[PDB]
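>>> give me a 3D structure for the following:
(one chain, ligands or ions: 1)
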Amino acid sequence: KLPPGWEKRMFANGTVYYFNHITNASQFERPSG
Ligand SMILES: *[C@@H]1OC[C@@H](O)[C@H](O)[C@H]1O
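Numbering: from 1, shown residues only. Below, you will see the structure:
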């Protein structure tokens, strides 16, 4: 499902986003790569 290095992440207010654990990058939209 999810591409390499990405993992799902979430704010203290309950808002979900995406985080790259290899690069420390982050984004709201679901990652294609
Ligand atoms: C929840 O935390 C992330 C921020 O971007 C949103 O505006 C807030 O509601």
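
>>> mind listing the helices for the chain?
With DSSP state H, there are no helices along the chain.

>>> spatially central residue for it, please.
To find the centre residue of the chain, average its C-alpha atoms and take the closest one (CA atoms, centre = their mean): that gives residue 18, at 1.4 Å.

>>> my read: residue 19 touches residue 9, true?
Yes - counting by CB atoms under 8 Å, residue 19 does reach residue 9; the two are 4.0 Å apart. The way it works is simple: take the backbone N, C-alpha and C, and place the C-beta from them, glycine included.

>>> between the two, which contacts overlap?
Contact criterion CB atoms under 8 Å, 6 or more residues apart in numbering; residues bridging residue 19 and residue 9 by contacting each: residue 26.

>>> what does this protein have sitting close to the ligand?
Taking CB under 6 Å from any ligand atom as the contact definition, the chain meets the ligand at 11, 13, 15.

>>> give the contact list for the first one.
Pointing back at residue 11 there. When contacts are taken as CB under 8 Å, 6+ apart, residue 11 is in contact with residue 17.

>>> starting at the chain centroid, how far to stretch 16-29?
3 Å (CA atoms, centre = their mean, to the nearest Å).

>>> for the residue nearest to residue 29 when sequence neighbours are not counted, give the beta-bridge partners.
Using CB to CB, 6 or more residues apart in numbering and skipping residues adjacent in sequence, the residue nearest residue 29 is residue 18, 7.4 Å away. Per DSSP bridges, residues listed as beta-bridge partners of residue 18: residue 8, residue 27.

>>> start the count at 333 instead of 1 going forward.
Got it, first residue is 333 now, which makes that one residue 350.

>>> verify the stated contact: residue 350 with residue 340.
Yes - with contacts defined as CB under 8 Å, residue 350 counts as touching residue 340 at a distance of 6.4 Å.

>>> for residue 360, which non-adjacent residue is closest in space?
residue 349 (4.8 Å).
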